[PDB]
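Here's the structure, in structure tokens; my notes come after.
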Amino acid sequence: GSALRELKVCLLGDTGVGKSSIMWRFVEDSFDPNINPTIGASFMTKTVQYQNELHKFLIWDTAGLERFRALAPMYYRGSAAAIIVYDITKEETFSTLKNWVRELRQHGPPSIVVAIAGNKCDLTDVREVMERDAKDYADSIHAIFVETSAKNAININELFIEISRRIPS
Amino acid sequence: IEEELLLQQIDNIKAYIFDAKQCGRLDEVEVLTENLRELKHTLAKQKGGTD
Ligand SMILES: Nc1nc2c(ncn2[C@@H]2O[C@H](COP(=O)(O)OP(=O)(O)OP(=O)(O)O)[C@@H](O)[C@H]2O)c(=O)[nH]1
Ligand SMILES: [Mg+2]
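Going down the list, the sequences are from chains A and B.
Under the authors' numbering, the first residue of the first sequence is numbered 0, with each subsequent residue one higher.
Under the authors' numbering, the first residue of the second sequence is numbered 734, with each subsequent residue one higher.
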């Protein structure tokens, strides 16, 4: 209330990139190879101690399926941070991510914390998006950048720790 | 938003509310109720009742 800081965070990105899998790894420490595409938007929370302070993440997990694109503003508006996810093996998903950045910039404060997650980083042999290029783009928009794997539990915690560090509330 | 999809998400948040009320997380009942209010406002707007 005074001791516990609520942090609204929204996951955005193309269908199939791993938004929900990132959330399930963070919250439930599990991975499902057969998780189904999200309908509408899902919700989970997690209470953590980062930077010697208590935070409760309020995580909105949006559907990336096309018919739900117009629903996303109901979830990203008023968020302290937006996590925009792409798939390192599909360059088109990074182009989609740039469209999400434009959508945020049209509708939210320039001060919103943006994190870019290049997910499925366990799939090293079939990479299409070079890490150097994705990092450089993230820097150009003042975003957090991590390559993640929900499957192999890589950089998921780091992602949320850095979001917490950057939110000035 | 395609109207039926908006109505379905309202039903989805109502399901999250039903579960957060059956448990003990009061702060999340409020968070979810706020989202429900926003979805309902958007629905009323799509029907022309407000701007
Ligand atoms: N190899 C690998 N597969 C992953 C990873 N993350 C998710 N997947 C798989 O990729 C597929 C899509 O993952 P989802 O978590 O449903 O992706 P999403 O972004 O929530 O998709 P929508 O809900 O449709 O927008 C699923 O089969 C997952 O098991 C990952 O880090 N590595
Ligand atoms: Mg999903």
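Just so it is clear, CB atoms sit at the ideal spot from N, CA and C, and this is done for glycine as well.
The beta carbon of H54/A sits closer than 6 Å to the beta carbons of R4, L6, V47, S163 from its chain, once the five residues preceding and following it are set aside; these are given in chain order. By the Cβ criterion, the stretch 72-87 of chain A is in contact with the stretch 6-18 of chain A, since at least three pairs of Cβ atoms, one from each stretch, lie closer than 8 Å.
With a threshold of 16 other beta carbon atoms within 10 Å, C756/B falls short and is exposed. The continuous stretches of alpha helix (DSSP H) do not include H54/A, which lies in the beta strand (DSSP E) extending over residues 52-61.
Residue state for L3/A is assigned as strand, using DSSP reduced to three classes.
Close CB contacts of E736/B within its chain, under the 7 Å cut and outside five residues either way in sequence, are with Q779 (chain order). Between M22/A and chain B, the shortest Cβ-Cβ separation is not below 8 Å. If you draw a 10 Å sphere on the C-beta of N118/A, you find 16 or more other C-beta atoms in it, and that means buried. Closest in C-alpha terms to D86/A, from the list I166/A, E130/A, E157/A, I143/A, comes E130/A. If you check each beta-carbon in the stretch 29-60 of chain A against every beta-carbon of chain B, the ones closer than 7 Å belong to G39, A40, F42, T44, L57. Nearest to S20/A by alpha-carbon distance, out of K150/A, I160/A, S168/A, is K150/A. Counting along the chain, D132/A sits inside the alpha helix (DSSP H) bounded by residues 130-139.
Measuring C-alpha to C-alpha distances from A114/A to each of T123/A, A2/A, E91/A, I166/A identifies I166/A as the nearest. For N33/A, there is no enclosing beta strand (DSSP E), as DSSP marks it with neither H nor E. Judged by DSSP in its simplified three-state form, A80/A adopts strand. For a Cβ distance threshold of 7 Å, residue set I734 of chain B lies close to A69/A, ordered along the chain. The stretch 99-106 of chain A makes no contact with the stretch 17-34 of chain A, as fewer than three CB pairs between them are under 8 Å.
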